[PDB]
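Listed next as structure tokens is one chain, alone, in the form deposited without the named molecule.
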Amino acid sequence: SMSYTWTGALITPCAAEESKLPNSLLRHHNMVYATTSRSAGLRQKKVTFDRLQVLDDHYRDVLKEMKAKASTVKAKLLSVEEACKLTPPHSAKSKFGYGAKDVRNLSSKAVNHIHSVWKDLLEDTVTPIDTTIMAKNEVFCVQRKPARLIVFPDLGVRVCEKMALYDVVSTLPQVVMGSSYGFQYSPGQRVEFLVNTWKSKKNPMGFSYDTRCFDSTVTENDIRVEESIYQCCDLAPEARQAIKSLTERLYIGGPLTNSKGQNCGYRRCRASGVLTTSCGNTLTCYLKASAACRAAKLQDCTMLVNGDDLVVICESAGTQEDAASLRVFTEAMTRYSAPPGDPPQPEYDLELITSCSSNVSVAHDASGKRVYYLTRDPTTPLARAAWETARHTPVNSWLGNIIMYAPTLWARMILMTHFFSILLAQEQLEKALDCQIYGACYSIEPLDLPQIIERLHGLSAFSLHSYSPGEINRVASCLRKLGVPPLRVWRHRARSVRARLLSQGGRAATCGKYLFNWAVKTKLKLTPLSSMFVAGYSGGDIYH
């Protein structure tokens, strides 16, 4: 069928939509835009097409292996109270007279409605369920992306999803997919694993695979298979019925309704704004790729899967033979309805492969020992940082990136300096800030950063020092390209900040001592002083 059909009703905004900055971070403010509903139509054209899916024996076999491992999982139902507590404070309200605030408080109005939505789930396993459709507001840098489409059901339903499936999507994928399951790794854990699986090959070859608009490529069959997998778990019988209902009424598809309550059409592919999205896309990606590997006689594959994002490291068969078996791999994925965006390409250097928007690089600690860490082209981070510092926003990408990319050259020299300067200037150091990690919302105290980083990256994070020439040129370039002060200018700014922080004692002094030792010249000695990287949840409406 078609991924979507349209009525012609517009995808409409809920509120005013900014698309540009209203400046000591970056000069070329021209280059930063936010996406808006103004670009919905273009995206609309890209995500809508027919899906032809041909299975084969490798598909059927990998699924059989997955269903066998899923049968070792036992999963419990979540009480209303637990499901309510997982709902973010600012999650979109219900069209039935209550908001997340009422949900979090166990207001008897929200809970009663939630009871009725659940009851109706058990009784009716057919009637499609209403979804809202929305263009996202996401900041990027020039050289333009159409806004992504987000699709999500009413708050009431979302809470039922949690009850029915939070335990499953938190617990199953790991067991089903073992070490391929990306969201069980912190960044140092992910580097360590990529690097070890690369050293483990006699003659290694790697390649990422970009599936073109993955959410569209997911078929209604795919979503029933995925259900068939959940069902292999030892479930409560009420969980079993709600899961059949949710999938048949919502996951499989349904009507799309814009912010003004008009009907935009009907979806027959993955909704992005549901609980099963990450888990769904990760299982569906692992299954197709694991099978595509077999079709292409790829020798000795290890995979890493994070939703629609896929890395494969295997034994090379020769550079010709490689290029070729990769084309077969692609044919297989295409048959399975996951055709390519960029066409995939072999790499014989781990450092050259990008996955989850990231790549492995290396530097050196105090002792000169070499250290691998995860980094990325810092353009979108800096872009969003400029946005976040200009317009006030609920989301703080900067902090997320400081946490994820603490070891990187750019996060230490630029993000850390910049934002500790603002916080010191605003006397807002003590305040918790919300940020996204593998799609879940965590409240974090910026002064905790040092221990957080020590815990997730090791102490070497505070003293890495001979960054690769490629990495240094990527940063410098991005700075010039963007109009951000070169790295030497941050060094001077950091000494100033480090100093102010040191003067305040307590945890600020630790922030200054640790975060900015790289900037001093004569170094201080840096001695020693989380259920966060377990599962993926973007679009799952989760808070911890």
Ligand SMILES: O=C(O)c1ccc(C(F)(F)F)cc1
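Heads up: residue numbers just count along the shown sequence, starting at 1.
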query	finding
Missing residues, deposited sequence, between residue 143 and residue 144 (class: none, 1 to 3, 4 to 9, 10 or more)	4 to 9
Higher-B stretch (mean Cα B-factor, as the entry records it), 281 to 289 or 457 to 465	457 to 465
12 to 20 versus 517 to 525 - greater average Cα B-factor per the deposited record	12 to 20
Given 391, 158, 115, 95, the residue at which the Cα B factor reaches its maximum	391
Peak C-alpha temperature factor (PDB record), options 237, 253, 400, 182	237
Residue 414, C-alpha B-factor rank within chain (lowest, middle or highest third)	lowest
CA B-factor ranking of residue 192, expressed as a third of its chain	lowest
Chain thirds of CA B-factor: placement of residue 168	middle
Residue 477, C-alpha B-factor rank within chain (lowest, middle or highest third)	middle
B-factor third for the C-alpha atom of residue 53 within its chain	highest
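If you look for the form solved in complex with the named molecule, you will not find it shown, but the lines that follow are about it.
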| item | value |
| --- | --- |
| Heavy atom within 4.5 Å of the named molecule in the entry with it bound - the one residue of 438, 209, 398, 118 that qualifies | 438 |
| The named molecule: the contacting residue among 190, 418, 267, 158 in the entry with it bound [heavy atom, 4.5 Å] | 190 |
| Check all three, 183, 356 and 405, heavy atom within 4.5 Å of the named molecule in the entry with it bound | yes |
| Contact test in the entry with it bound: residue 149 vs the named molecule, heavy atoms, 4.5 Å | no |
| Any non-hydrogen atom of residue 242 within 4.5 angstroms of the named molecule in the entry with it bound | no |
| Non-hydrogen atom contact residue 332 with the named molecule in the entry with it bound at 4.5 angstroms | no |
| Partner contact for residue 293 in the entry with it bound: the named molecule, 4.5 angstroms, heavy atom | no |
| Stretch in contact in the entry with it bound with the named molecule, which is absent here, among 149 to 157, 356 to 364, 128 to 136, 101 to 109 (heavy atoms within 4.5 Å) | 356 to 364 |
